[PDB]
Amino acid sequence: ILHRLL
Amino acid sequence: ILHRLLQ
Amino acid sequence: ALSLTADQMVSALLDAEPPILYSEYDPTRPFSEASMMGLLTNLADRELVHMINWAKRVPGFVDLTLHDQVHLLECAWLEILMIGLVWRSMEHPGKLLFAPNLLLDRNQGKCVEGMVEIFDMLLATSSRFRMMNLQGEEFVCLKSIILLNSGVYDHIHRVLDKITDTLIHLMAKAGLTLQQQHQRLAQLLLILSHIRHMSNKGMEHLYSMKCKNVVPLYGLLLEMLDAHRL
Amino acid sequence: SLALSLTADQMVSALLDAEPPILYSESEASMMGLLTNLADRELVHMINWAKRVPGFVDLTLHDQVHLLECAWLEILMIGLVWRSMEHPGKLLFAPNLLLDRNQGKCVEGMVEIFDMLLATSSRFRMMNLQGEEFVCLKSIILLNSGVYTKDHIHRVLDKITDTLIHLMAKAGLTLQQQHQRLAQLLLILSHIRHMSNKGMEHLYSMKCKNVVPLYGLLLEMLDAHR
Ligand SMILES: C[C@]12CC[C@@H]3c4ccc(O)cc4CC[C@H]3[C@@H]1CC[C@@H]2O
Ligand SMILES: C[C@]12CC[C@@H]3c4ccc(O)cc4CC[C@H]3[C@@H]1CC[C@@H]2O
């Protein structure tokens, strides 16, 4: 998820 | 032990 | 970022500051271990989304690969929440201002098994910031240093050097003597060792709350905790 | 309190003179037995060293105990990282126990800790860390790590900061370079703190799984982190 939100 | 070695 | 002056650095950092969020505190029922951990994790999870946007606005951060950005935020997120909490709490001696509707004292910490020791460490850091008269411009530099530093073990090191220059310029402009500038720089950075410590102890705490099914952890907060492979 | 009346040169001299000796060492269980047998012997020398750090014996017995319980594994690790600086890719636990990264794997969960220690070594090598800097950093760890859990301690810490800056000025750094280097050095202490907390969990885990029996001084310092 973090990779996506970045 | 620490107490003692410190004194 | 490397060509910013100190003054442009401070503006960008102040400009980037995330909002203060509210908790979902409901004063109609007593606290339990589960409901207090629910409030705190709900708050954290909402703050993490704002933290991600804030990081993107930290000069130098968006120059890194997506892999390096992910790693830094995974390493630093809990330190960054804590430093923000300690900053918010500075003008409330003996309390932690998790949110403007959630101001907790150490005895309310006792409601969750093992949290009181962590509240005590946060209260102590907030008292140190007060004793030092930490300024807003210094706090935003320290917060950026945590993001760039905590997971770094050459571009990163240059930006970190630029933030050091910025802290020194702030102190100089405030009228500290040359010797007072280095002494203060050291006192500020040595507090980061303590924030690291509290972050490690907080992560172990959150992991135990999860492993004991005290509170459900979902989504971004779940993934950031799991990144620590405890 | 003549600790606070030392010159920068006299502080460096006192720290150099206080330094502990390098001790020797001798499966998963034999490797852990070696490392903890070494640690436990080093801890006795660390207590002597602390007493020679200017300002430390001015503190109450209680505060002395607290600072050493907090700091001991940081202080062992910063020593290990220093000894290993000139052995890229290896950890010099003792002159006769020089372990490469892959020997980390002989012990469960250990390789990740070896990786962090090797990265710190590498960082010290890339900054060209000097011995005189290293003894200041080690004293800062003793005095700083448990201080928040007091005025005399902050005043001593300030004198050690002055000492680090004096060393950099003497080496010809510009003021901008000295401040930058002092920050780089102090920011490494955050990494050391992280490795100590990871290493304390690991040690506690090896104890629980009866991988290694812990006795005496080492066990009591572990137990202090409860
Ligand atoms: C992670 C914990 C819940 C979330 C808490 C939080 C939540 C919101 C915030 O802005 C700051 C902090 C710091 C302390 C954190 C706690 C430390 C231990 C606990 O598990
Ligand atoms: C505590 C451990 C054993 C003792 C090790 C040691 C032992 C001797 C020393 O001089 C340094 C260190 C640092 C790393 C320590 C280890 C980290 C994890 C392991 O359990």
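Order of the sequence lines fixes the chain letters, A, B, ..., with proteins taken first and strands second; residue numbering starts at 1 for each chain. We use all heavy atoms of the structure for the numbers below, so side chains are in, but hydrogens, waters and symmetry mates are not.
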Please examine the side chains of D:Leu218 and D:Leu203, heavy atoms only from C-beta on, and report whether any two atoms are closer than 4.5 Å.
yes
Counting only heavy atoms closer than 4.5 Å, note whether D:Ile160 contacts chain C via side chain, backbone, both or neither.
neither
Determine the minimum heavy-atom distance between D:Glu69 and D:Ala224, stating which atoms define it.
CD-CB, 3.5 Å
Please classify the contact of C:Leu160 with chain D as side chain, backbone, both or neither, using a heavy-atom distance under 4.5 Å.
side chain
Do any of residues 50-60 of chain D come closer than 4.5 Å to chain C, heavy atom to heavy atom, and if so which ones, in number order?
none
Side chain from CB out, backbone as N, CA, C, O: work out which of these in C:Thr164 comes under 4.5 Å of a heavy atom of chain D, or both, or neither.
side chain
Closest contact, heavy atoms only, C:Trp77 versus C:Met203:
CZ2-SD, 3.5 Å
Which atoms of C:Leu192 are under 4.5 Å from chain D, going by heavy atoms: the side chain, the backbone, both sets, or neither?
both
What heavy-atom pair brings D:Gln10 and D:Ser5 nearest, and what distance separates the two atoms?
OE1-O, 4.2 Å
Identify which part of C:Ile145 has an atom lying under 4.5 Å from any heavy atom of chain D, answering side chain, backbone, both or neither.
side chain
Counting only heavy atoms closer than 4.5 Å, note whether C:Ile146 contacts chain D via side chain, backbone, both or neither.
neither
Measuring only between side-chain heavy atoms, which start at C-beta, is D:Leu219 closer than 4.5 Å to D:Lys207?
yes
If you define the side chain from C-beta out and look only at heavy atoms, does anything of C:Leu220 sit under 4.5 Å from C:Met51?
no
Heavy-atom proximity to chain D below 4.5 Å, by part of C:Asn149:
both
Looking only at non-hydrogen atoms, find the nearest pair between C:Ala186 and D:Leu182 and report the distance.
CB-CD2, 4.4 Å
So which residues of residues 107-136 of chain D are in contact with chain C at a heavy-atom cut-off of under 4.5 Å?
D:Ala119, D:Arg123, D:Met126
Does the side chain of C:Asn200 reach to within under 4.5 Å of the side chain of C:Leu78, using non-hydrogen atoms?
no
Toward chain C, the part of D:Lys159 with a non-hydrogen atom under 4.5 Å
neither
C:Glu79 side chain reached by C:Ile83 side chain, heavy atoms, under 4.5 Å:
no
Are D:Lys138 and D:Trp49 in a cation-pi setup, meaning NZ or CZ lies under 6.0 angstrom from the ring centre and within 45 degrees of the ring axis?
yes
C:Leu2/C:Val159 under side-chain contact (heavy atoms from CB on, under 4.5 Å): CA gap, chis, key distance, verdict
CA-CA 6 Å; C:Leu2 286 198; C:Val159 170; 3.9 Å; yes
Against chain C, work out which of D:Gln180, D:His154, D:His191, D:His179 has the most heavy-atom pairs shorter than 4.5 Å and name it.
D:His191
Establish, yes or no, whether a centroid distance under 6.0 Å links the rings of D:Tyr148 and D:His66.
no
Given that the side chain runs from C-beta out, which part of D:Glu201 has a heavy atom under 4.5 Å from chain C: side chain, backbone, both or neither?
side chain
For residues D:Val212 and D:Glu28, determine if any side-chain heavy atom of one lies less than 4.5 Å from a side-chain heavy atom of the other.
no
Side chains of C:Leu40 and C:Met209: does their closest heavy-atom pair fall under 4.5 Å?
no
Given the options D:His194, D:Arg181, D:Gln184, which has more heavy-atom pairs under 4.5 Å with chain C than any of the others?
D:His194
Between D:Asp9 and D:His166, a side-chain donor and acceptor under 3.5 Å:
yes
With side chains defined as the heavy atoms from C-beta onward, is the minimum distance between D:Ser145 and D:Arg193 less than 4.5 Å?
yes
Of the listed residues (C:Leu188, C:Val152, C:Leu189), which shares the most heavy-atom pairs with chain D below a 4.5 Å separation?
C:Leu189
Is chain D contacted by the side chain of C:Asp165, its backbone, both, or neither, given a heavy-atom distance below 4.5 Å?
side chain
